[PDB]
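File shown: input-v8.cif (mmCIF, N, CA, C and O atoms).
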```cif
data_coords
#
loop_
_atom_site.label_atom_id
_atom_site.label_comp_id
_atom_site.auth_asym_id
_atom_site.auth_seq_id
_atom_site.Cartn_x
_atom_site.Cartn_y
_atom_site.Cartn_z
N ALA A 1 85.26 103.80 79.23
CA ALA A 1 86.22 104.67 79.90
C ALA A 1 87.05 103.89 80.91
O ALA A 1 86.51 103.19 81.77
N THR A 2 88.37 104.01 80.81
CA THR A 2 89.28 103.32 81.71
C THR A 2 89.34 104.00 83.07
O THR A 2 89.68 105.18 83.16
N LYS A 3 89.01 103.26 84.12
CA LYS A 3 89.03 103.80 85.47
C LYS A 3 89.93 102.96 86.38
O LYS A 3 90.42 101.91 85.97
N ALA A 4 90.13 103.44 87.60
CA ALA A 4 90.97 102.74 88.56
C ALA A 4 90.38 102.82 89.97
O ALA A 4 89.60 103.72 90.27
N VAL A 5 90.76 101.87 90.82
CA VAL A 5 90.27 101.84 92.19
C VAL A 5 91.29 101.20 93.13
O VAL A 5 91.87 100.16 92.81
N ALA A 6 91.50 101.82 94.28
CA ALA A 6 92.45 101.32 95.26
C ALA A 6 91.87 101.37 96.67
O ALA A 6 91.45 102.43 97.14
N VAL A 7 91.84 100.22 97.34
CA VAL A 7 91.31 100.14 98.69
C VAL A 7 92.43 100.11 99.72
O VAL A 7 93.46 99.46 99.52
N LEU A 8 92.23 100.81 100.83
CA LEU A 8 93.23 100.87 101.90
C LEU A 8 92.93 99.83 102.97
O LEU A 8 91.78 99.44 103.17
N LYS A 9 93.97 99.40 103.67
CA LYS A 9 93.82 98.41 104.73
C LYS A 9 94.99 98.47 105.71
O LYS A 9 96.15 98.43 105.30
N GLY A 10 94.68 98.58 107.00
CA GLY A 10 95.72 98.65 108.01
C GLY A 10 95.37 97.86 109.25
O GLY A 10 95.51 96.63 109.27
N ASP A 11 94.92 98.55 110.29
CA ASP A 11 94.55 97.89 111.54
C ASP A 11 93.39 96.93 111.33
O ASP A 11 93.30 95.89 111.99
N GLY A 12 92.50 97.27 110.40
CA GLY A 12 91.36 96.42 110.12
C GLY A 12 90.17 97.21 109.61
O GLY A 12 89.79 97.11 108.44
N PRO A 13 89.55 98.01 110.49
CA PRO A 13 88.39 98.83 110.14
C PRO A 13 88.75 99.98 109.20
O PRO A 13 87.92 100.43 108.41
N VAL A 14 89.99 100.44 109.29
CA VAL A 14 90.46 101.53 108.44
C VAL A 14 90.33 101.18 106.97
O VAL A 14 90.83 100.15 106.51
N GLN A 15 89.65 102.04 106.22
CA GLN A 15 89.44 101.82 104.79
C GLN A 15 89.79 103.08 103.99
O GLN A 15 90.00 104.15 104.56
N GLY A 16 89.85 102.94 102.67
CA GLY A 16 90.16 104.07 101.82
C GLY A 16 90.06 103.73 100.35
O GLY A 16 90.95 103.08 99.79
N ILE A 17 88.97 104.16 99.72
CA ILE A 17 88.75 103.90 98.30
C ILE A 17 89.02 105.14 97.46
O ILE A 17 88.54 106.23 97.78
N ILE A 18 89.79 104.98 96.39
CA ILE A 18 90.12 106.09 95.51
C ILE A 18 89.80 105.75 94.06
O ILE A 18 90.47 104.92 93.44
N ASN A 19 88.77 106.40 93.51
CA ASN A 19 88.37 106.16 92.13
C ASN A 19 89.07 107.13 91.19
O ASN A 19 89.45 108.24 91.58
N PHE A 20 89.26 106.70 89.94
CA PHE A 20 89.92 107.53 88.94
C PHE A 20 89.09 107.60 87.66
O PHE A 20 88.15 106.83 87.48
N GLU A 21 89.45 108.52 86.78
CA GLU A 21 88.74 108.70 85.52
C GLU A 21 89.72 108.90 84.36
O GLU A 21 90.39 109.93 84.28
N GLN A 22 89.80 107.91 83.48
CA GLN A 22 90.70 107.98 82.34
C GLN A 22 90.01 107.46 81.07
O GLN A 22 89.95 106.25 80.84
N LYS A 23 89.49 108.38 80.27
CA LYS A 23 88.81 108.02 79.03
C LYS A 23 89.80 107.95 77.87
O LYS A 23 89.74 107.03 77.05
N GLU A 24 90.71 108.91 77.81
CA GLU A 24 91.70 108.95 76.74
C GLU A 24 92.90 109.80 77.16
O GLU A 24 92.83 110.59 78.10
N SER A 25 94.01 109.63 76.44
CA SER A 25 95.23 110.38 76.74
C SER A 25 94.95 111.88 76.78
O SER A 25 95.57 112.62 77.54
N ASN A 26 94.02 112.32 75.95
CA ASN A 26 93.66 113.73 75.88
C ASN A 26 92.90 114.16 77.14
O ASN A 26 92.99 115.31 77.57
N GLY A 27 92.16 113.22 77.72
CA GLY A 27 91.40 113.52 78.92
C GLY A 27 92.24 113.40 80.18
O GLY A 27 93.04 112.47 80.34
N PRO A 28 92.06 114.35 81.11
CA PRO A 28 92.80 114.37 82.37
C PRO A 28 92.37 113.25 83.31
O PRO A 28 91.52 112.43 82.97
N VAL A 29 92.97 113.22 84.50
CA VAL A 29 92.65 112.20 85.49
C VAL A 29 92.64 112.78 86.90
O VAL A 29 93.69 112.98 87.51
N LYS A 30 91.45 113.05 87.41
CA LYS A 30 91.30 113.60 88.75
C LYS A 30 91.23 112.50 89.80
O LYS A 30 90.53 111.50 89.62
N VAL A 31 91.97 112.67 90.89
CA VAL A 31 91.99 111.69 91.97
C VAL A 31 91.09 112.12 93.12
O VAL A 31 91.01 113.30 93.46
N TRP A 32 90.41 111.15 93.72
CA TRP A 32 89.51 111.42 94.84
C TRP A 32 89.13 110.13 95.56
O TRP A 32 89.21 109.04 95.00
N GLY A 33 88.72 110.27 96.82
CA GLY A 33 88.34 109.10 97.60
C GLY A 33 87.90 109.47 99.01
O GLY A 33 87.68 110.64 99.31
N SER A 34 87.78 108.46 99.87
CA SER A 34 87.36 108.68 101.25
C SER A 34 87.95 107.62 102.17
O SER A 34 87.79 106.42 101.93
N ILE A 35 88.62 108.07 103.22
CA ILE A 35 89.24 107.16 104.18
C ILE A 35 88.47 107.15 105.50
O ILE A 35 88.42 108.15 106.21
N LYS A 36 87.87 106.01 105.82
CA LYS A 36 87.11 105.86 107.05
C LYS A 36 87.83 104.96 108.04
O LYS A 36 88.74 104.22 107.67
N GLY A 37 87.43 105.02 109.30
CA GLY A 37 88.05 104.21 110.33
C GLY A 37 88.74 105.04 111.39
O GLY A 37 88.26 105.13 112.52
N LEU A 38 89.87 105.63 111.03
CA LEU A 38 90.63 106.46 111.96
C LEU A 38 89.75 107.54 112.58
O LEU A 38 88.58 107.68 112.23
N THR A 39 90.31 108.30 113.51
CA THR A 39 89.58 109.36 114.18
C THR A 39 90.04 110.73 113.70
O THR A 39 91.00 110.85 112.94
N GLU A 40 89.35 111.78 114.15
CA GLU A 40 89.69 113.14 113.77
C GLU A 40 91.18 113.40 113.94
O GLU A 40 91.78 113.01 114.94
N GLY A 41 91.78 114.07 112.96
CA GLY A 41 93.20 114.37 113.02
C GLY A 41 93.79 114.67 111.66
O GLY A 41 93.13 115.29 110.81
N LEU A 42 95.03 114.25 111.44
CA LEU A 42 95.70 114.49 110.17
C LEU A 42 96.41 113.22 109.69
O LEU A 42 97.14 112.58 110.44
N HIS A 43 96.19 112.87 108.43
CA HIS A 43 96.80 111.69 107.84
C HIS A 43 97.27 111.97 106.41
O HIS A 43 96.50 111.85 105.46
N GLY A 44 98.54 112.33 106.28
CA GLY A 44 99.09 112.62 104.96
C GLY A 44 98.96 111.45 104.01
O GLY A 44 99.64 110.43 104.17
N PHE A 45 98.09 111.59 103.01
CA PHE A 45 97.88 110.54 102.03
C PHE A 45 98.50 110.91 100.69
O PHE A 45 98.47 112.07 100.28
N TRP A 46 99.06 109.91 100.01
CA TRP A 46 99.68 110.14 98.71
C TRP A 46 99.95 108.81 98.00
O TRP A 46 99.68 107.74 98.54
N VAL A 47 100.49 108.89 96.79
CA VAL A 47 100.79 107.70 96.00
C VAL A 47 102.29 107.58 95.76
O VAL A 47 102.85 108.27 94.90
N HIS A 48 102.94 106.69 96.51
CA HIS A 48 104.37 106.47 96.37
C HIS A 48 104.71 105.88 95.00
O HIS A 48 104.21 104.81 94.64
N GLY A 49 105.54 106.59 94.25
CA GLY A 49 105.93 106.12 92.93
C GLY A 49 105.41 107.02 91.82
O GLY A 49 106.03 107.13 90.77
N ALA A 50 104.27 107.65 92.06
CA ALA A 50 103.67 108.54 91.07
C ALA A 50 103.44 109.93 91.66
O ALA A 50 102.33 110.26 92.08
N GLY A 51 104.49 110.74 91.69
CA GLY A 51 104.39 112.08 92.23
C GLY A 51 104.35 112.10 93.74
O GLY A 51 105.07 112.87 94.38
N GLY A 52 103.51 111.24 94.33
CA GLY A 52 103.40 111.18 95.77
C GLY A 52 102.89 112.48 96.37
O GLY A 52 102.98 112.69 97.58
N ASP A 53 102.36 113.35 95.52
CA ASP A 53 101.83 114.63 95.97
C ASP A 53 100.31 114.66 95.88
O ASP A 53 99.75 114.88 94.81
N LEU A 54 99.65 114.43 97.01
CA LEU A 54 98.19 114.43 97.05
C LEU A 54 97.68 115.19 98.27
O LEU A 54 96.63 114.88 98.81
N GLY A 55 98.44 116.20 98.69
CA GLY A 55 98.05 117.00 99.83
C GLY A 55 97.73 116.15 101.05
O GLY A 55 97.95 114.94 101.04
N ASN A 56 97.22 116.79 102.10
CA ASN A 56 96.88 116.08 103.33
C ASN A 56 95.36 116.00 103.50
O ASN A 56 94.61 116.67 102.80
N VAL A 57 94.92 115.17 104.44
CA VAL A 57 93.50 114.99 104.70
C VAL A 57 93.21 115.02 106.20
O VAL A 57 94.00 114.53 107.00
N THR A 58 92.08 115.61 106.57
CA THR A 58 91.69 115.70 107.97
C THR A 58 90.45 114.85 108.25
O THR A 58 89.40 115.04 107.64
N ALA A 59 90.59 113.91 109.18
CA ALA A 59 89.48 113.04 109.55
C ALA A 59 88.36 113.82 110.22
O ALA A 59 88.54 114.98 110.60
N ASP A 60 87.20 113.19 110.36
CA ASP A 60 86.05 113.83 110.98
C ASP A 60 85.69 113.14 112.30
O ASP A 60 86.24 112.09 112.63
N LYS A 61 84.76 113.74 113.04
CA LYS A 61 84.33 113.19 114.31
C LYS A 61 83.85 111.75 114.15
O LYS A 61 84.04 110.91 115.04
N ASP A 62 83.23 111.46 113.02
CA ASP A 62 82.72 110.12 112.74
C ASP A 62 83.86 109.18 112.33
O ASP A 62 83.73 107.96 112.40
N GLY A 63 84.98 109.77 111.92
CA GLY A 63 86.12 108.97 111.51
C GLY A 63 86.20 108.79 110.01
O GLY A 63 86.32 107.66 109.52
N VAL A 64 86.11 109.89 109.27
CA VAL A 64 86.17 109.84 107.82
C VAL A 64 86.88 111.07 107.25
O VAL A 64 86.42 112.20 107.43
N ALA A 65 87.99 110.84 106.57
CA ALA A 65 88.76 111.93 105.98
C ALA A 65 88.65 111.91 104.46
O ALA A 65 89.35 111.15 103.78
N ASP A 66 87.78 112.75 103.92
CA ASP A 66 87.58 112.83 102.48
C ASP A 66 88.84 113.34 101.78
O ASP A 66 89.57 114.16 102.33
N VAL A 67 89.09 112.83 100.58
CA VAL A 67 90.26 113.23 99.81
C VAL A 67 89.86 113.80 98.45
O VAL A 67 88.96 113.28 97.79
N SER A 68 90.53 114.87 98.05
CA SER A 68 90.25 115.51 96.77
C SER A 68 91.47 116.27 96.25
O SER A 68 91.97 117.18 96.91
N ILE A 69 91.94 115.88 95.07
CA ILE A 69 93.10 116.51 94.47
C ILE A 69 92.81 116.96 93.04
O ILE A 69 91.69 116.79 92.55
N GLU A 70 93.81 117.52 92.37
CA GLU A 70 93.66 117.98 91.00
C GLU A 70 94.07 116.89 90.01
O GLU A 70 94.83 115.99 90.35
N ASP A 71 93.56 116.99 88.79
CA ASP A 71 93.87 116.02 87.75
C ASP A 71 95.14 116.40 87.01
O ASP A 71 95.49 117.58 86.92
N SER A 72 95.84 115.40 86.48
CA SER A 72 97.08 115.64 85.75
C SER A 72 97.07 114.91 84.41
O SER A 72 96.11 114.21 84.08
N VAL A 73 98.14 115.09 83.64
CA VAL A 73 98.26 114.44 82.33
C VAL A 73 98.64 112.97 82.47
O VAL A 73 98.97 112.31 81.49
N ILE A 74 98.59 112.47 83.70
CA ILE A 74 98.92 111.08 83.97
C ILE A 74 98.18 110.14 83.03
O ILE A 74 98.76 109.22 82.46
N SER A 75 96.88 110.38 82.87
CA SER A 75 96.05 109.56 82.00
C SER A 75 96.01 108.12 82.49
O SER A 75 95.86 107.18 81.71
N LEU A 76 96.14 107.94 83.80
CA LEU A 76 96.12 106.62 84.41
C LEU A 76 96.95 105.63 83.60
O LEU A 76 96.61 104.46 83.48
N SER A 77 98.06 106.12 83.04
CA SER A 77 98.94 105.29 82.24
C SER A 77 100.19 106.06 81.83
O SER A 77 100.36 107.23 82.17
N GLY A 78 101.07 105.40 81.09
CA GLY A 78 102.30 106.03 80.64
C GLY A 78 103.35 106.10 81.73
O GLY A 78 103.33 105.30 82.66
N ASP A 79 104.27 107.04 81.60
CA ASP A 79 105.34 107.20 82.58
C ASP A 79 104.79 107.72 83.91
O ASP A 79 105.30 107.39 84.98
N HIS A 80 103.74 108.53 83.83
CA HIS A 80 103.12 109.09 85.02
C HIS A 80 101.89 108.28 85.43
O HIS A 80 100.93 108.82 85.98
N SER A 81 101.94 106.98 85.16
CA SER A 81 100.83 106.09 85.49
C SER A 81 100.76 105.85 87.00
O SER A 81 101.78 105.87 87.69
N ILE A 82 99.55 105.62 87.50
CA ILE A 82 99.35 105.37 88.92
C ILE A 82 98.68 104.02 89.16
O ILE A 82 98.13 103.77 90.23
N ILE A 83 98.72 103.16 88.15
CA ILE A 83 98.12 101.84 88.24
C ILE A 83 99.04 100.87 88.97
O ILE A 83 100.19 100.69 88.59
N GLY A 84 98.52 100.24 90.02
CA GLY A 84 99.31 99.29 90.78
C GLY A 84 100.30 99.97 91.70
O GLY A 84 101.16 99.31 92.29
N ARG A 85 100.19 101.29 91.81
CA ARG A 85 101.09 102.05 92.67
C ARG A 85 100.98 101.62 94.12
O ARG A 85 100.25 100.67 94.44
N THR A 86 101.70 102.30 95.00
CA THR A 86 101.67 101.98 96.42
C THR A 86 101.23 103.19 97.25
O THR A 86 101.91 104.21 97.28
N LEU A 87 100.09 103.05 97.92
CA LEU A 87 99.56 104.13 98.75
C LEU A 87 99.99 103.96 100.20
O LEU A 87 100.15 102.85 100.69
N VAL A 88 100.18 105.09 100.89
CA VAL A 88 100.60 105.07 102.28
C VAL A 88 100.14 106.33 103.01
O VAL A 88 100.32 107.44 102.51
N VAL A 89 99.56 106.15 104.19
CA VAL A 89 99.08 107.27 104.98
C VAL A 89 99.84 107.38 106.30
O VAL A 89 99.78 106.49 107.14
N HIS A 90 100.57 108.48 106.46
CA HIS A 90 101.35 108.71 107.68
C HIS A 90 100.45 108.69 108.91
O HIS A 90 99.23 108.74 108.80
N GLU A 91 101.07 108.60 110.08
CA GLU A 91 100.33 108.57 111.34
C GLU A 91 99.78 109.96 111.68
O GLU A 91 98.64 110.10 112.12
N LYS A 92 100.61 110.97 111.49
CA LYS A 92 100.22 112.35 111.78
C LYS A 92 101.09 113.34 111.00
O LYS A 92 102.15 113.75 111.47
N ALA A 93 100.63 113.72 109.82
CA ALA A 93 101.36 114.66 108.98
C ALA A 93 101.60 115.98 109.72
O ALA A 93 100.98 116.25 110.75
N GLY A 94 102.51 116.79 109.19
CA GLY A 94 102.82 118.06 109.81
C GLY A 94 104.26 118.14 110.29
O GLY A 94 104.87 119.21 110.27
N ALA A 95 104.80 117.01 110.72
CA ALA A 95 106.17 116.95 111.21
C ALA A 95 107.14 116.62 110.08
O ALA A 95 108.07 117.38 109.80
N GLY A 96 106.91 115.48 109.42
CA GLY A 96 107.78 115.07 108.33
C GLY A 96 108.68 113.91 108.71
O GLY A 96 109.71 113.68 108.07
N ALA A 97 108.29 113.18 109.75
CA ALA A 97 109.07 112.04 110.21
C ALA A 97 109.06 110.91 109.18
O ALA A 97 110.04 110.70 108.47
N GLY A 98 107.95 110.19 109.11
CA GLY A 98 107.83 109.10 108.16
C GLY A 98 107.39 107.81 108.82
O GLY A 98 108.03 107.34 109.77
N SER A 99 106.30 107.23 108.33
CA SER A 99 105.78 105.99 108.88
C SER A 99 104.70 105.41 107.98
O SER A 99 104.04 106.13 107.23
N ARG A 100 104.51 104.09 108.06
CA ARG A 100 103.51 103.41 107.24
C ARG A 100 102.46 102.74 108.13
O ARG A 100 102.79 101.93 109.00
N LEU A 101 101.20 103.07 107.89
CA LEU A 101 100.10 102.50 108.67
C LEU A 101 99.22 101.61 107.79
O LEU A 101 99.02 100.43 108.10
N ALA A 102 98.71 102.17 106.71
CA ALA A 102 97.86 101.42 105.78
C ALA A 102 98.50 101.34 104.40
O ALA A 102 99.60 101.83 104.18
N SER A 103 97.78 100.72 103.47
CA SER A 103 98.28 100.57 102.10
C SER A 103 97.17 100.08 101.18
O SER A 103 96.32 99.29 101.57
N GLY A 104 97.20 100.55 99.93
CA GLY A 104 96.19 100.15 98.97
C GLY A 104 96.65 100.34 97.54
O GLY A 104 96.65 101.46 97.02
N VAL A 105 97.05 99.25 96.89
CA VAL A 105 97.52 99.30 95.51
C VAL A 105 96.39 99.66 94.56
O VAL A 105 95.24 99.24 94.76
N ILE A 106 96.71 100.43 93.53
CA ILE A 106 95.71 100.84 92.54
C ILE A 106 95.44 99.72 91.54
O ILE A 106 96.35 99.00 91.13
N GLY A 107 94.18 99.59 91.15
CA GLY A 107 93.80 98.56 90.19
C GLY A 107 92.73 99.02 89.23
O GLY A 107 91.66 99.48 89.65
N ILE A 108 93.01 98.92 87.94
CA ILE A 108 92.06 99.33 86.91
C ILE A 108 90.68 98.73 87.17
O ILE A 108 90.54 97.52 87.33
N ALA A 109 89.67 99.59 87.20
CA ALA A 109 88.30 99.15 87.44
C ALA A 109 87.43 99.38 86.21
O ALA A 109 86.93 100.49 85.99
N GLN A 110 87.25 98.34 85.41
CA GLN A 110 86.44 98.43 84.20
C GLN A 110 85.21 97.54 84.29
O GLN A 110 85.10 96.72 85.20
#
```
Would you give me this structure, written as structure tokens?
Amino acid sequence: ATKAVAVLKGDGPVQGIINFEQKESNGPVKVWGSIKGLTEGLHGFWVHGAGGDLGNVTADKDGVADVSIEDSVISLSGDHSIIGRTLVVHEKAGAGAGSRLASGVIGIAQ
């Protein structure tokens, strides 16, 4: 089964791993991961280049904002592929200003 993984990196301690599931074109691809480091708050996470729609995430007291979205016909490939994409987490979603703190390109994990 073809899978993918992308790690986040910014100030240093901030991390963010996102695993994917792509067995076949017929099979969907659900996105999910966990961003640790930052503190409780809001950090709009998404994938620039591939929809860029992955809702927002709220950090925890320990400093971990779990991420969970729905699967699409992307199939981790094709026109709607998210392999090698560019991830970016805003400083504080809700306003709509725009800023780049961390980043983590997607990479097939087989």
Which residues of region 10-37 of chain A come within 7 Å of region 62-85 of chain A, and what is each one's closest atom pair and distance in Å (one decimal), counting all atoms listed in the file, sorted by chain and residue number, as a tab-separated table?
```
residue	atom	partner	partner_atom	distance
A:21	O	A:76	N	6.1
A:22	CA	A:75	O	5.3
A:23	N	A:75	O	6.6
A:24	O	A:75	CA	5.2
A:25	O	A:73	O	5.2
A:26	N	A:75	CA	7.0
A:27	O	A:75	CA	4.5
A:28	CA	A:72	O	3.7
A:29	O	A:71	CA	3.1
A:30	CA	A:71	CA	3.7
A:31	O	A:69	N	3.2
A:32	CA	A:67	O	3.5
A:33	O	A:67	N	2.9
A:34	CA	A:65	O	4.1
A:35	O	A:65	N	2.7
A:36	CA	A:63	O	3.2
A:37	N	A:63	O	2.9
```
Under the PyMOL selection byres ((chain A and resi 108) around 7), which residues of this model are included? Write them out as a short mmCIF file (atom, residue, chain, number, x, y, z; two decimals) with N, CA, C and O atoms, keeping the file's coordinate frame.
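New file result.cif:
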```cif
data_model
loop_
_atom_site.label_atom_id
_atom_site.label_comp_id
_atom_site.auth_asym_id
_atom_site.auth_seq_id
_atom_site.Cartn_x
_atom_site.Cartn_y
_atom_site.Cartn_z
N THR A 2 88.37 104.01 80.81
CA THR A 2 89.28 103.32 81.71
C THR A 2 89.34 104.00 83.07
O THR A 2 89.68 105.18 83.16
N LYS A 3 89.01 103.26 84.12
CA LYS A 3 89.03 103.80 85.47
C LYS A 3 89.93 102.96 86.38
O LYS A 3 90.42 101.91 85.97
N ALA A 4 90.13 103.44 87.60
CA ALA A 4 90.97 102.74 88.56
C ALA A 4 90.38 102.82 89.97
O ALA A 4 89.60 103.72 90.27
N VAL A 5 90.76 101.87 90.82
CA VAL A 5 90.27 101.84 92.19
C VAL A 5 91.29 101.20 93.13
O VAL A 5 91.87 100.16 92.81
N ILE A 83 98.72 103.16 88.15
CA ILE A 83 98.12 101.84 88.24
C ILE A 83 99.04 100.87 88.97
O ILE A 83 100.19 100.69 88.59
N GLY A 84 98.52 100.24 90.02
CA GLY A 84 99.31 99.29 90.78
C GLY A 84 100.30 99.97 91.70
O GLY A 84 101.16 99.31 92.29
N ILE A 106 96.71 100.43 93.53
CA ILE A 106 95.71 100.84 92.54
C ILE A 106 95.44 99.72 91.54
O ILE A 106 96.35 99.00 91.13
N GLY A 107 94.18 99.59 91.15
CA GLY A 107 93.80 98.56 90.19
C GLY A 107 92.73 99.02 89.23
O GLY A 107 91.66 99.48 89.65
N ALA A 109 89.67 99.59 87.20
CA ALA A 109 88.30 99.15 87.44
C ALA A 109 87.43 99.38 86.21
O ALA A 109 86.93 100.49 85.99
N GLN A 110 87.25 98.34 85.41
CA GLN A 110 86.44 98.43 84.20
C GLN A 110 85.21 97.54 84.29
O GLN A 110 85.10 96.72 85.20
#
```
Contact residues around residue 86 (chain A) with only C-alpha atoms at 7 Å, ignoring same-chain residues under 3 positions, as a list in words: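 Returned residues: residues 47, 48, 49, 103, 104 and 105 of chain A.
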With distances taken over only C-alpha atoms, which residue among A:50, A:7, A:57, A:18 lies nearest residue 102 (chain A)?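 Closest to residue 102 (chain A) of all the choices is A:7.
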Would you be able to write out as a PDB file with N, CA, C and O atoms, in the coordinates of the input which residues have an atom within 7 Å of (93.1, 100.8, 110.7) in the file's coordinates, counting all atoms listed in the file?
```pdb
ATOM      1  N   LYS A   9      93.970  99.400 103.670  1.00  0.00           N
ATOM      2  CA  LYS A   9      93.820  98.410 104.730  1.00  0.00           C
ATOM      3  C   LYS A   9      94.990  98.470 105.710  1.00  0.00           C
ATOM      4  O   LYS A   9      96.150  98.430 105.300  1.00  0.00           O
ATOM      5  N   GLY A  10      94.680  98.580 107.000  1.00  0.00           N
ATOM      6  CA  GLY A  10      95.720  98.650 108.010  1.00  0.00           C
ATOM      7  C   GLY A  10      95.370  97.860 109.250  1.00  0.00           C
ATOM      8  O   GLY A  10      95.510  96.630 109.270  1.00  0.00           O
ATOM      9  N   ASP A  11      94.920  98.550 110.290  1.00  0.00           N
ATOM     10  CA  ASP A  11      94.550  97.890 111.540  1.00  0.00           C
ATOM     11  C   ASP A  11      93.390  96.930 111.330  1.00  0.00           C
ATOM     12  O   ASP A  11      93.300  95.890 111.990  1.00  0.00           O
ATOM     13  N   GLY A  12      92.500  97.270 110.400  1.00  0.00           N
ATOM     14  CA  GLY A  12      91.360  96.420 110.120  1.00  0.00           C
ATOM     15  C   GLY A  12      90.170  97.210 109.610  1.00  0.00           C
ATOM     16  O   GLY A  12      89.790  97.110 108.440  1.00  0.00           O
ATOM     17  N   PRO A  13      89.550  98.010 110.490  1.00  0.00           N
ATOM     18  CA  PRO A  13      88.390  98.830 110.140  1.00  0.00           C
ATOM     19  C   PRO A  13      88.750  99.980 109.200  1.00  0.00           C
ATOM     20  O   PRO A  13      87.920 100.430 108.410  1.00  0.00           O
ATOM     21  N   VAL A  14      89.990 100.440 109.290  1.00  0.00           N
ATOM     22  CA  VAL A  14      90.460 101.530 108.440  1.00  0.00           C
ATOM     23  C   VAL A  14      90.330 101.180 106.970  1.00  0.00           C
ATOM     24  O   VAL A  14      90.830 100.150 106.510  1.00  0.00           O
ATOM     25  N   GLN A  15      89.650 102.040 106.220  1.00  0.00           N
ATOM     26  CA  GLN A  15      89.440 101.820 104.790  1.00  0.00           C
ATOM     27  C   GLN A  15      89.790 103.080 103.990  1.00  0.00           C
ATOM     28  O   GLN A  15      90.000 104.150 104.560  1.00  0.00           O
ATOM     29  N   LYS A  36      87.870 106.010 105.820  1.00  0.00           N
ATOM     30  CA  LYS A  36      87.110 105.860 107.050  1.00  0.00           C
ATOM     31  C   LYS A  36      87.830 104.960 108.040  1.00  0.00           C
ATOM     32  O   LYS A  36      88.740 104.220 107.670  1.00  0.00           O
ATOM     33  N   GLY A  37      87.430 105.020 109.300  1.00  0.00           N
ATOM     34  CA  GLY A  37      88.050 104.210 110.330  1.00  0.00           C
ATOM     35  C   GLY A  37      88.740 105.040 111.390  1.00  0.00           C
ATOM     36  O   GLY A  37      88.260 105.130 112.520  1.00  0.00           O
ATOM     37  N   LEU A  38      89.870 105.630 111.030  1.00  0.00           N
ATOM     38  CA  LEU A  38      90.630 106.460 111.960  1.00  0.00           C
ATOM     39  C   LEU A  38      89.750 107.540 112.580  1.00  0.00           C
ATOM     40  O   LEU A  38      88.580 107.680 112.230  1.00  0.00           O
ATOM     41  N   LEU A 101     101.200 103.070 107.890  1.00  0.00           N
ATOM     42  CA  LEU A 101     100.100 102.500 108.670  1.00  0.00           C
ATOM     43  C   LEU A 101      99.220 101.610 107.790  1.00  0.00           C
ATOM     44  O   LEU A 101      99.020 100.430 108.100  1.00  0.00           O
ATOM     45  N   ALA A 102      98.710 102.170 106.710  1.00  0.00           N
ATOM     46  CA  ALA A 102      97.860 101.420 105.780  1.00  0.00           C
ATOM     47  C   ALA A 102      98.500 101.340 104.400  1.00  0.00           C
ATOM     48  O   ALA A 102      99.600 101.830 104.180  1.00  0.00           O
TER      49      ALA A 102
END
```
What does the structure give for the distance between atom N of residue 56 (chain A) and atom N of residue 1 (chain A), in Å to one decimal?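 One can read the atom N of residue 56 (chain A) to atom N of residue 1 (chain A) distance as 28.9 Å.
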Distance of CA of residue 61 (chain A) from atom C of residue 88 (chain A), expressed in Å to one decimal place: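 So the two atoms, atom C of residue 88 (chain A) and CA of residue 61 (chain A), lie 20.6 Å apart.
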